[PDB]
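Visitor: Have a look at the structure that comes next, please.
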Amino acid sequence: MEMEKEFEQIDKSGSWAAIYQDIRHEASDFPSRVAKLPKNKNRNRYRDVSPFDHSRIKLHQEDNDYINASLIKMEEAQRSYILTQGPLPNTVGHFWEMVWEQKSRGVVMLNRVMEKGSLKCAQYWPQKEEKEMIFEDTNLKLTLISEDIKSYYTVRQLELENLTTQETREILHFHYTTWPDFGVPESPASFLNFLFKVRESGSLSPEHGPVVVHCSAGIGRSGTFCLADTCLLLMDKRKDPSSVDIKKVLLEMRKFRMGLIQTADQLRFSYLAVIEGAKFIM
Ligand SMILES: COc1ccc2c(c1)OC[C@H]1CN3C(=O)CCN3[C@@H]21
């Protein structure tokens, strides 16, 4: 079925939970043996969210190459994404090592450091120009260059220096600051505006390594972001845009990381975002 009328048909019939449970039943199951090794316990935030072995990002280290991060490679859309958890106190150096080694231009953050009165990820970037951060375990230096605070999101320019080689690179930090502590946003307008700002920066384009996107677990809000981006790109590429099937795209993405889209409300919100976004594109 088309999307917008499939949408109204699920609303009128109140069957979002049944649709979402079907997706959960059909989703791929692949091994995640490296994630479960005892030496990696303090590298995982949640015991039930792990990268598959076949698609995990490897650190360029011989001691321990493990990080909780997955490469989502979308062949028809010609887009790739790295989805990862919010960094932990003992993985902030690994996080920036990955950004460096994978040649990423941008980092997309969809959570606040504290939500619901609890810490959802480490404070992993500097807040003042004159107070830079040094990660001694991976030999990197990170400096805040500029910050632009808007009503729904903040964009930061950062400098990452590999202290071994003295090479430097500019990284863009796109921080969506207004996702509610509970539920999903009422309108997709600010989320879509944010997606378009990331696009306009070059961070999603083939001349760079894959964008790094995270929330707390790296599957819910993060899944909404890449699912909406890929569906909109396919609607531009194809002769028949009504052929784009958001449930099929989501199941394709779940071949590369488990659990993408965590609730039936997130599934409905993803439909809404693609529907509204397809009208603005034209
Ligand atoms: C309904 O709310 C929105 C918000 C943003 C946008 C929407 C609808 O339409 C599609 C794209 C096209 N676009 C740009 O190119 C810049 C921002 N907008 C995006």
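Per the header: X-ray crystallography, 1.6 Å.
Cβ coordinates come from backbone N, Cα and C, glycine included.
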Visitor: According to Swiss-Prot, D181, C215, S216, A217, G218, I219, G220, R221 bind substrate; so which of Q157, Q166, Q262 is the extra one listed there?
Guide: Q262
Visitor: Which one of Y20, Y153 shows up in Swiss-Prot with the note phosphotyrosine?
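Guide: Candidates were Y20, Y153; Swiss-Prot attaches phosphotyrosine to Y20.
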Visitor: In which DSSP state, out of helix, strand and coil, do we find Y66 (phosphotyrosine)?
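Guide: Note: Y66 (phosphotyrosine) is in a strand by DSSP.
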Visitor: Relative to the Cβ position of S243 (phosphoserine), how many further Cβ atoms are located within 10 Å?
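Guide: Excluding its own Cβ, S243 (phosphoserine) sees 10 Cβ atoms within 10 Å.
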Visitor: Report, as a single number, how many Cβ atoms besides its own are within 10 Å of the Cβ of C215 (active site, phosphocysteine intermediate).
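Guide: Here the count is 26.
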Visitor: Same-chain residues six or more away whose CB lies under 8 A from the CB of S242 (phosphoserine)?
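Guide: Once residues fewer than 6 apart are set aside, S242 (phosphoserine) is near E2, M3.
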Visitor: Can you tell me the CA-to-CA distance separating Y20 (phosphotyrosine) and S243 (phosphoserine), as a whole number of Å?
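Guide: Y20 (phosphotyrosine) and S243 (phosphoserine) have their Cα atoms 20 Å apart.
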Visitor: Whole-number Å only: compute the distance from the Cα of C215 (active site, phosphocysteine intermediate) to the Cα of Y66 (phosphotyrosine).
Guide: 19
